[PDB]
Trainee: 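Take a look at the following structure, please.
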Amino acid sequence: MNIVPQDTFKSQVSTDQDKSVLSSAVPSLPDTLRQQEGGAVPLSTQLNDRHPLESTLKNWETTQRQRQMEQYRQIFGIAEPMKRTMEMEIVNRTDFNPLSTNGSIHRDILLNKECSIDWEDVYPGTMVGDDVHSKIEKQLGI
Amino acid sequence: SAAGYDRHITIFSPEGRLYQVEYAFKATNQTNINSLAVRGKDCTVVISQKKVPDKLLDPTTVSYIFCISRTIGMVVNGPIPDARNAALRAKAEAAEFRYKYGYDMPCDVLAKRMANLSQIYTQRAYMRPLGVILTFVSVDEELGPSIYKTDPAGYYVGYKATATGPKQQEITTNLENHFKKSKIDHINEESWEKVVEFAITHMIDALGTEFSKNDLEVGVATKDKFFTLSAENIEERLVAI
Amino acid sequence: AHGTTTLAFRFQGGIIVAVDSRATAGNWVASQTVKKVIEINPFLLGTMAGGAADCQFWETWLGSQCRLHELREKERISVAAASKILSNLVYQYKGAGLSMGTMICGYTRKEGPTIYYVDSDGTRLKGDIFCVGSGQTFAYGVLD
Amino acid sequence: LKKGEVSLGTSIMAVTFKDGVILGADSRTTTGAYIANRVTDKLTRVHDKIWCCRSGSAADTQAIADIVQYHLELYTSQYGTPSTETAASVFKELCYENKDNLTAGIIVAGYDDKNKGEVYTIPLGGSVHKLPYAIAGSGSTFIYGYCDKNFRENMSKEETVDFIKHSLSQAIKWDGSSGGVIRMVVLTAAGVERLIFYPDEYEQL
Amino acid sequence: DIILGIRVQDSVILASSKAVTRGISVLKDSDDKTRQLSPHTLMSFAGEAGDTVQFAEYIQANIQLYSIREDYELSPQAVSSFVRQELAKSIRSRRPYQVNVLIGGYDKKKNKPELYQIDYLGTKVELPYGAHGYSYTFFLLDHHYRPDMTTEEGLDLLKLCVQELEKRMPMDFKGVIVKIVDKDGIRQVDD
Amino acid sequence: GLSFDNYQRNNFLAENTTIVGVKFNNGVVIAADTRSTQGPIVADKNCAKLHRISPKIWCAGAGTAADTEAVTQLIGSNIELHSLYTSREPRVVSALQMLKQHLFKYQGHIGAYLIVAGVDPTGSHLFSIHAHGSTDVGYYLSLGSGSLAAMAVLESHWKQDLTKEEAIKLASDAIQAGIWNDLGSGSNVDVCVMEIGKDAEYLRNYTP
Amino acid sequence: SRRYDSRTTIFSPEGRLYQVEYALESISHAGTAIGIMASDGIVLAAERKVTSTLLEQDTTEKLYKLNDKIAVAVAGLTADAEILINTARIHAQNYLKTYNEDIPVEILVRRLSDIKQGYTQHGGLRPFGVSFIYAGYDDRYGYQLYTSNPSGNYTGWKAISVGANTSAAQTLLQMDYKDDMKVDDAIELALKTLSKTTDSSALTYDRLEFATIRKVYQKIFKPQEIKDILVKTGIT
Amino acid sequence: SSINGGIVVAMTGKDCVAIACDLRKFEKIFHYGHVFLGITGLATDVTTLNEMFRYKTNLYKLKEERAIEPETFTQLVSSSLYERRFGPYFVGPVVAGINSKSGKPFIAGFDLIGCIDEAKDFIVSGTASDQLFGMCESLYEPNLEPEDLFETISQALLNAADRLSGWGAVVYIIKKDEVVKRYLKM
Amino acid sequence: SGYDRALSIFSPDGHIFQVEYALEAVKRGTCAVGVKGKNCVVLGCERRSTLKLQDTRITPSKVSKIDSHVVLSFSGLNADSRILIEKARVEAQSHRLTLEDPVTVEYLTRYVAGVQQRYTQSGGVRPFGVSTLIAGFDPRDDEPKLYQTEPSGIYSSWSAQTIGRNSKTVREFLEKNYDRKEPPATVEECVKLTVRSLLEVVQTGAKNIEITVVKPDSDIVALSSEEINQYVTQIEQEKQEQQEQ
Amino acid sequence: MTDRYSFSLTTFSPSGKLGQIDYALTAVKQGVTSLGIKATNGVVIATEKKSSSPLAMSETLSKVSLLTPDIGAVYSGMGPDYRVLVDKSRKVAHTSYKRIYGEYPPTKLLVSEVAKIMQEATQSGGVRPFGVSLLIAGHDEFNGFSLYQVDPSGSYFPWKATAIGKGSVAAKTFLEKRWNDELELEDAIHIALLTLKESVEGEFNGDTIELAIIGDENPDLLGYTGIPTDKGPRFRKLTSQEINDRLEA
């Protein structure tokens with residue numbers, strides 16, 4: 001029953017915390033070239049000096065969804081949140097469009113956002129990566 | 001029947017049809033009961049048939065009429081598990097609409113929402129449609145008395161009056177003849193009791209052989225509340241002509 | 001770690017690493033003498049010159065990384081590669097609170113004798129003569 | 001309390017009596033020393049016979065009240081009319097789980113055929129307390145003695161009305177952030193009754 | 001850290017100083033402030049320790065990848081634009097770090113030298129001159145610069161700038177490493 | 001959505017009107033002044049401040065101008081989509097709810113303060129909206145740096161039984177007082193009248 | 001075989017990919033498109049396959065602009081072609097933004113070909129089933145002409161054809177191509193090849209799309225210009 | 001190399017517009033067809049905005065198959081600026097142009113988060129405090145012929161310059177038919 | 001039987017048939033050959049006869065430079081080789097960035113084999129129908145390195161190896177004409193041996209043969225058509241002189 | 001895992017055809033007839049209403065939908081897919097265009113967005129293609145009036161006049177014999193009524209057919225007055241009474 005998102009800070013760090021981009025030469029260290037972030041961005045710099053509202057905005061919709069699921073569990077039972085989560089997971093897992101980033105129509109219907117617009121909708125948004133094969137590897141887990 | 005696929009999932013056949021949707025449609029007549037919905041001047045009446053062949057059953061626990069919100073009632077044709085699933089989802093939809101937009105959910109908007117969910121089920125491969133037919137009745141603050149029906153294919157539409165069941169054709173023909181005679185798309189009565197009696201009379205003359213107070217279920221929607229009648233109320237309505 | 005003078009240079013056939021073993025007493029008695037230089041491998045050495053825990057922990061970790069690399073490639077790791085591994089690791093945590101200045105000294109067939117200096121700021125300098133300590137100007141002058 | 005926000009400086013009272021409960025409040029909203037709203041309805045309805053009054057941040061309490069009304073509509077669709085204890089528990093859970101980010105205090109008054117009228121108070125922090133009567137707000141501090149000297153159990157409706165009127169008139173007289181008209185809601189088995197009293201009436205008490 | 005760049009009629013001359021990090025007695029013979037981006041494009045950098053070297057090596061790796069992929073060399077203008085993009089991207093979500101870059105190239109297709117300067121915020125300027133570090137040299141450069149200077153005259157002007165700068169350095173100014181980029185590639189001046 | 005890029009960079013670089021709403025027996029009136037100031041300088045002597053959420057729902061704002069414009073436009077798009085979806089005329093309560101939840105989501109970091117008036121099948125409605133997500137109902141409201149003079153005028157001559165003409169005159173007088181007595185306000189008076197059962201009437205430069 | 005053609009990620013016992021082969025086969029059901037590179041420009045011609053009355057000819061289903069220097073002729077499914085065309089336009093703008101220079105043609109062709117190849121290697125994706133003729137100019141190689149098929153392979157050409165009558169059109173182009181031709185000669189050759197290889201009664205203007213690239217500007221011919229050139233060449 | 005900061009002036013004539021910027025080659029005025037944009041502020045943000053708007057206008061022309069009009073471009077600039085609500089570019093942009101279909105002149109200015117100021121007479125950006133705004137107010141007259149408008153804007157810039165380094169100006173006079181670009185290196 | 005429908009199924013005799021089918025796909029590609037000399041490596045490739053209207057100046061070559069000291073040739077599906085080559089180049093640059101040392105030949109071979117193996121571990125992906133030959137010299141080393149990689153992820157080290165169409169005949173010729181005791185001691189001998197090996201399957205001659213030579217200190221040279229023509233003519237003249245006697 | 005993917009539901013047949021798209025086209029061809037006619041002053045879009053029973057209120061369900069004040073659409077095929085795609089198009093008109101440029105999109109760009117959405121359903125692992133065909137009529141400042149047809153595969157073409165559905169071939173021939181470059185909007189409406197008369201088997205009156213026009217701006221439909229530059233909607237749906245009056249004439 002949370003309104004404002006809570007527990008947004010990291011509690012542990014490591015040099016292999018990002019499994020997607022790890023060096024093949026030294027598997028315990030991240031791959032700076034394939035990160036494509038400017039090459040001078042250590043992970044430690046991401047732990048300080050953030051805008052206070054950024055974490056609230058990034059996790060807002062997930063928090064509202066979790067509160068709705070908790071209310072359904074309290075009032076309806078386990079089956080209702082189970083079914084909602086199953087529907088959403090099936091819809092999300094069957095969609096794979098490497099050339100587009102827009103959400104599906106059915107996802108919007110399930111989220112009850114058929115006729116709703118937020119700034120995420122208006123503003124949806126290299127040398128290495130950003131290709132179809134990287135998305136294939138990330139999606140399949142290989 | 002389906003040759004290869006189309007026996008499990010909802011994809012097109014060579015004829016351009018969705019066999020799983022049609023089979024879900026055929027699944028709606030398993031209960032072999034009928035329901036009727038009519039509009040009054042300021043009320044909407046739904047009457048459903050009760051069949052309790054088993055003598056060990058508790059009759060008071062058998063019902064296909066559900067209360068969705070303060071103003072909306074629903075009648076389901078089909079097996080009771082999918083009926084209860086649909087009822088719970090409709091309750092959640094109405095409550096969320098009220099929370100999100102600041103006013104009560106209208107009957108037609110809820111019908112459209114359920115139909116959109118049904119469209120999801122008809123297009124996704126790993127989802128099956130619910131083999132039920134839903135009928136929502138209310139007295140909308142803008143549109144007056146309202147009856148809207150939704151089916152497994154995702155199609156929804158509003159009705160002056162409607163009937164659904166294995167014997168829906170006879171009731172539909174009788175209603176059409178009556179509305180031809182009266183030239184009015186509703187019932188000209190000032191109380192919902194007269195409308196209930198008229199619906200009971202229509203059901204009796206359409207199905208035949210009549211019934212007692214325990215073979216019927218009646219729900220009535222007014223401008224303020226939707227409520228289901230009890231056995232004594234139905235007995236009074238049967239006695240009163 | 002002790003800010004005492006530490007020296008390293010490479011003359012013709014190896015590296016001379018020199019430290020002063022004048023330990024500082026406290027509320028303890030040592031069972032044996034302490035060492036100001038960490039033995040990373042039978043072929044690699046490092047110096048602490050900073051936070052003692054950081055140097056000990058991360059140079060033991062570097063020894064593990066070098067061992068795994070040598071097992072994989074069936075060859076001794078180059079000193080440049082080991083110093084680069086340590087530098088990348090310390091740079092990933094730059095500004096978090098670490099403090100360590102180490103001198104990685106090694107000798108390989110392909111490179112020869114090599115000395116690098118790695119700092120907690122991410123600095124990685126190859127050199128011939130290094131003098132880091134409380135008084136290091138005198139030692140550097142005597143060397144030169 | 002975020003800078004530039006709106007605070008609910010008010011005088012809130014809720015009293016249980018013989019036939020039910022009564023909830024009363026003033027009607028003043030102030031930003032600093034300026035009366036931003038001279039006529040405010042502070043009696044918030046979350047269910048047909050479950051009402052509340054809010055204190056602290058106005059935005060936070062409005063969001064919490066909206067969520068509570070939504071929750072009670074879901075509960076009613078499933079199980080029927082909830083008890084005042086259930087609404088108080090939902091309010092407490094919302095206020096406590098978010099107390100590090102929201103500043104909310106609630107007074108809940110309710111009626112049902114089982115418990116026959118109840119008052120709950122959730123002060124800042126998220127704890128819940130059930131009391132025969134409750135007072136809250138900046139102007140309540142001036143009537144802690146008076147109420148403690150004038151409350152009786154099982155009072156009639158008129159006696160409860162007079163008690164609330166006198167106490168809120170004193171709170172209005174002494175507190176700057178309070179004033180305007182007195183609003184009251186009477187929750188009994190016979191239904192919901194609304195009452196309003198004007199300054200020319202209660203200032204002569 | 002001091003970096004100077006002078007563009008002349010036929011080449012680009014880049015001068016850089018040594019490091020002397022912090023109270024560490026180092027004897028070495030190398031240039032740690034210069035990375036060769038391509039056979040006809042050189043980069044000099046001056047700024048905070050750690051970050052600047054990481055950024056320079058990242059840029060060098062990207063440009064080498066492009067050269068291997070296309071079997072073709074980018075022009076100095078495209079290289080400078082890519083460097084500006086990467087520098088502006090690095091400080092997108094972190095506190096900016098001190099860094100100044102001089103990129104000197106020789107466009108073979110246009111057959112002409114080019115020089116660019118990029119500051120820490122990501123401002124790229126095409127210049128005939130350039131300097132970062134110690135803060136007068138602009139006045140001397142403005143007084144003694146011609147667009148049609150030869151390599152020898154540019155080297156003499158650079159020597160004059162070095163002599164002027166040495167009189168204010170605290171006598172620890174060691175040999176400044178000077179490199180020349182022209183149609184024959186990149187070379188280092190012994191003097 | 002809205003980006004947080006270059007926040008640290010900007011911090012590093014740094015370290016180195018009168019609006020009124022009145023209610024009458026068959027509708028609402030919203031009026032505003034037309035002076036735009038970029039500080040002490042008058043940028044525009046005729047600037048429109050009455051904005052349209054929907055054909056019969058209008059609003060006027062103060063605070064951060066870009067935030068006010070963006071929030072009004074976004075809520076207008078949402079209202080249009082919802083009205084198409086339900087095949088019904090939009091309601092003032094729906095816009096109020098959307099605005100309140102959008103402003104509560106951003107925790108007051110969007111600096112929009114609004115007066116929203118309108119008519120719908122349920123009647124006539126006037127609301128005030130705060131940047132932190134709190135809303136209130138009223139019969140007459142004022143906003144802006146000239147709001148105290150306008151509120152004095154409103155408190156002088158307001159009563160329950162008001163015709164359309166009297167309401168228009170009262171709103172015009174409140175804006176005039178803001179114009180004369182406040183340095184931030186001036187120039188012309190823009191009005192918009194909404195009645196139950198009629199089109200909205202938008203009168204630009206009503207008195208002058 | 002029916003055992004090895006249902007999925008795109010399964011090899012046949014002979015090492016063949018049947019879904020890719022079927023995607024290649026689908027190309028022959030599309031109208032012919034011809035590209036000819038002369039010594040001073042490039043000519044693209046395309047025969048509309050679904051031409052009929054009541055169709056708005058003034059308002060293009062086969063010739064598209066990627067940027068100011070690159071154009072494409074399309075053979076196959078038009079919706080997949082539009083997807084890939086929008087992707088290519090975005091990639092060209094990305095290259096311009098990053099490097100402040102216009103993207104070379106071969107880089108763009110290779111990017112699109114990689115996208116197609118990737119779409120041949122995932123179980124949930126089917127091949128695009130489109131063929132592209134790229135015509136471009138860059139400062140490195142000058143004028144250049146490429147083709148790409150659904151399998152992800154691309155090739156450079158002097159004169160190429162894709163679509164319904166590739167064999168006959170290629171025979172004619174082989175018999176009639178000269179390295180030193182001009183743009184007008186290439187226009188005449190392309191029109192004559194389209195008139196010979198077409199299965200319709202006659203080659204009119206309403207069944208043609210025409211484009212040229214020459215010093216650099218792209219000219220996409222209007223129907224009146226097509227009619228004028230048809231009259232001039234004697235085809236009428 | 002300095003570059004940061006500057007001034008931009010836009011003025012409306014009878015059937016023409018004028019846009020001028022200061023100059024020490026780094027120029028603060030760009031065009032995307034028949035629409036001109038002048039940016040003052042941080043050099044990095046000016047370059048970034050120029051590249052982004054070139055990107056977006058090229059895509060717009062490829063899709064719409066027509067050049068973008070000044071009003072639509074103004075809306076695009078406003079939305080792009082508001083996207084960076086909490087990390088805004090340190091820029092003051094000004095837009096000038098002539099609408100192709102109607103022929104009417106158009107000038108507008110923006111704040112750093114996209115608030116639009118549509119002025120009928122003139123717009124000053126960079127430093128409209130010291131002398132430029134007052135000089136333009138004292139010199140501007142409505143409905144001026146292109147020669148008169150050019151003289152007025154050039155004189156305003158010259159008067160501002162005297163209020164000592166190498167100073168120049170770049171002026172664009174835009175009519176529906178042609179655009180004339182001149183320099184004022186004085 | 002019913003055991004060749006997925007990559008995750010063993011046959012009763014212990015085979016995975018989709019791997020063999022990917023090898024069958026490789027068998028249809030143009031021939032590639034690699035010969036390791038005393039101090040050089042030679043990679044030869046067979047090219048299909050260029051069509052008359054084909055532009056023979058911009059089409060990619062059959063031998064690609066992964067780095068300044070390592071070259072790669074392939075056989076099989078041409079479009080998958082682009083993906084593999086791009087990944088190899090990115091990995092070489094990443095290794096240089098991470099360890100300041102350029103890759104060794106064996107390390108790059110192992111990375112390529114790892115990518116190929118990783119693309120065999122899901123039922124939703126297709127393995128690369130490519131077999132590769134990777135040649136080069138380790139930095140500051142003078143020992144030539146030649147390796148072969150297969151679609152399953154297996155890599156091997158060879159003194160001379162052929163892959164692709166009709167590679168068995170070329171392999172038999174190499175076995176007859178190549179001995180590890182006395183490898184060819186000059187670049188000319190290695191190139192001549194590679195040309196003669198390719199001439200056993202190449203239908204036309206010098207116009208269907210491509211040759212790249214790798215020598216220490218990162219010396220990578222692509223021979224022109226004229227030099228290959230000279231080698232072919234010399235071989236033909238020697239054969240004619242032998243037959244005349 | 002074997003649930004991190006799902007194989008493609010649309011694949012190429014050995015002949016080179018995508019079977020699911022062809023079956024969706026068949027489903028479209030089994031639908032009710034709809035048509036569009038493009039004139040010099042406007043565009044007419046028309047269709048035949050159908051009812052499961054006479055007791056249904058045909059006005060509740062409308063096959064003609066306003067996408068923008070200047071763009072409308074009609075259909076042939078399956079209704080729920082229509083409803084989903086219309087909602088998506090109405091949302092996209094705002095998210096992609098009006099929140100960026102301050103104006104509604106032209107007809108062709110909205111058609112392109114809808115067609116992209118439809119194409120993405122034919123390259124998926126868990127949705128079938130939409131079994132529906134679209135007619136979109138619109139007007140914009142720099143292109144005038146336009147009429148487009150969109151297929152289940154996502155291909156769209158501009159038409160001077162066209163028809164889709166069960167009686168599409170005969171209607172196409174009748175429109176071919178009755179179209180010219182100088183037609184007017186009223187003539188187009190009359191031709192559309194005549195064409196629909198040949199396809200409706202039952203009652204051909206105002207309660208069984210549905211028509212809408214893209215014509216001139218209707219300031220009486222704006223809902224507010226005071227801004228001379230605010231143009232009213234050009235999309236207008238004809239009432240049943242107007243259709244009856246035109247049929248009588």
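Residue numbers start from 1 in every chain, and the chains themselves are labelled A, B, ... in the order their sequence lines are given, proteins ahead of strands.
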Trainee: Around atom OH of D:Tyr96, are there more than 12 heavy atoms of other residues, nucleotides or ligands at under 6.0 Å?
Mentor: no
Trainee: Taking atom types as modelled, is there a side-chain donor on D:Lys2 or F:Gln107 under 3.5 Å from an acceptor on the other?
Mentor: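 Yes, side-chain donor-acceptor contact under 3.5 Å.
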Trainee: Is F:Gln101 in contact with chain D via its backbone, its side chain, both, or neither, using a 4.5 Å heavy-atom distance?
Mentor: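 For F:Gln101, neither part sits under 4.5 Å from chain D.
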Trainee: Closest approach of F:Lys100 and D:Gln62, non-hydrogen atoms and distance?
Mentor: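 In this case the closest contact between F:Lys100 and D:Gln62 is CD-OE1, 3.8 Å.
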Trainee: Where on F:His132 is there a heavy atom nearer than 4.5 Å to chain D: the side chain, the backbone, both, or neither?
Mentor: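 Contact with chain D: backbone and side chain both.
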Trainee: I'd like to know whether OH of D:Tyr198 has more than 12 heavy-atom contacts from other residues, nucleotides or ligands below 6.0 angstrom.
Mentor: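 At most 12 heavy atoms, drawn from other residues, nucleotides or ligands, come within 6.0 Å of this atom.
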Trainee: Drop me the distance from D:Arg38's CZ to F:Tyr139's OH, to the nearest 0.5 angstrom.
Mentor: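 It comes to 13.0 Å.
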Trainee: Could you look at D:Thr61 and say if it's the side chain, the backbone, both or neither that has a heavy atom under 4.5 Å from chain F?
Mentor: neither
Trainee: When rounded to the nearest 0.5 angstrom, what distance separates OG in F:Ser128 from CG in D:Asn37?
Mentor: 7.0 Å
Trainee: Which bit of F:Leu148 is near chain D, if near means a heavy-atom gap under 4.5 Å: side chain, backbone, both or neither?
Mentor: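 Contact with chain D is through the side chain of F:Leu148 alone.
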Trainee: What do you reckon, is CD of F:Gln38 surrounded by more than 12 foreign heavy atoms closer than 6.0 Å?
Mentor: no
Trainee: Could you pull out the closest heavy-atom pair between F:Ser134 and D:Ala58, with the gap in Å?
Mentor: CB-CB, 4.0 Å
Trainee: Which answer fits F:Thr135, side chain, backbone, both or neither, if we ask what part of it has an atom under 4.5 Å from a heavy atom of chain D?
Mentor: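 Contact with chain D: backbone and side chain both.
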Trainee: Check whether more than 12 heavy atoms from other residues, nucleotides or ligands sit under 6.0 Å from atom CD of D:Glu85, and answer yes or no.
Mentor: no
Trainee: Is chain F contacted by the side chain of D:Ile35, its backbone, both, or neither, given a heavy-atom distance below 4.5 Å?
Mentor: neither
Trainee: Please round to the nearest 0.5 Å and tell me the distance separating atom CG of D:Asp66 and atom CZ of F:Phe104.
Mentor: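 It is 9.5 Å, given to the nearest 0.5 Å.
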